[PDB]
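First comes one chain, alone, set out as structure tokens in the form deposited in one PDB entry.
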């Protein structure tokens, strides 16, 4: 029961998709792939279709293609991008060389919004609430996003929000300091730091920490939150990092009420809990959702967690054809969601 495909060329890329998807219109592109908005005749929905770029180019790409397909097949949550469909024009494993992913079309990203609008407190609460509700789910599957930033948050005209796990200004601006320090044992709360940076930006209209490089970025972080205290200092194994850090002029933690002057004091309070230098002390997603700032949205019986996610594949060292074959299997075993 294979559909009928049709071929077409858009912005240099060749697109071979089933007849059900019509009016392909390019939305954008990048290193990993390109996306077209389209209309899906079978559901009456507007959808986005992503064509992966060179999915089986190297062991790295093949693994990554596998990773993305596995993740997207597992994410089933209102605030996380998931899969309506996945297909390949290939008729067998031998000719398999392209992968297309389909999801609900989301017309904008949070970057398109914060930069072309000033948001009310109510919108900040709704957007951040949704980020946290999706991160709760993601984190419950032992996944760390690691790259939250405005361009990874798809938003529609209804203000509904979904976290994009894989995309296609600077990433470092939203990155937790432990990563600017290269710590190899950072946890899920790296994502909470990013959400804090995002919330700050929606509240003020300005990037909280617009570093020019990795050093400047850490310098701007410490200027707001202060240099590490003795308890945090004790956890740094790297003699170089310690030197670097103990060798800068000491700085105190600023008063967030004075820095975020005029913002709702509940939002300020939450920010303080999110932008803690010590990751062991940052608030978690589930904790943040119960914070009083979200009383008009928080509903503990409607903040689901995820089904277990098997990430053992991540520690495997396989051949391209193996990763390719595993991916083909995932394409074939796909079951779309309900009407």
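Heads up, when I say rigid core I mean the largest set of C-alphas that superpose within 1.5 Å between the two forms. Residue numbers count along the first chain shown, from 1.
In every other compared PDB entry of this protein that covers both flanking sides, residue 246 is modelled, so it falls short of the one-third threshold for missing coordinates.
Omission of residue 112 is seen in a third or more of the other entries compared for this protein where the adjacent residues are built. According to the entry, the deposited sequence runs straight from residue 90 to residue 91 with no unmodelled residues in between. Taking the mean C-alpha B-factor of each stretch as recorded, 8-16 and 313-321 are not equal, and the higher mean is that of 8-16. For the pair 38-46 and 60-68, the record assigns the higher mean C-alpha temperature factor to 38-46. Taking only the listed residues 111, 140, 194, 103, the entry reports the highest CA temperature factor at 111.
Ranking 168, 132, 200, 179 by the C-alpha B-factor listed in the PDB entry places 168 at the top. Annotation for residue 284: C-alpha temperature factor in the lowest third relative to the rest of the modelled chain, per the entry. Among all modelled residues in its chain, residue 306 ranks in the lowest third by Cα B-factor. Residue 31: CA B factor in the highest third of modelled residues in this chain (values from the PDB entry). The deposited CA B-factor of residue 183 belongs to the middle third of values across its chain.
Placement of the Cα temperature factor of residue 266 within the chain: highest third of the modelled residues, per the deposited record.
FYI, the form deposited in another entry isn't displayed, but the following is about it.
Per-residue Cα shift between the shown form and the other one after core alignment stays below 2 Å for all of 151, 246, 264, 187 except 246.
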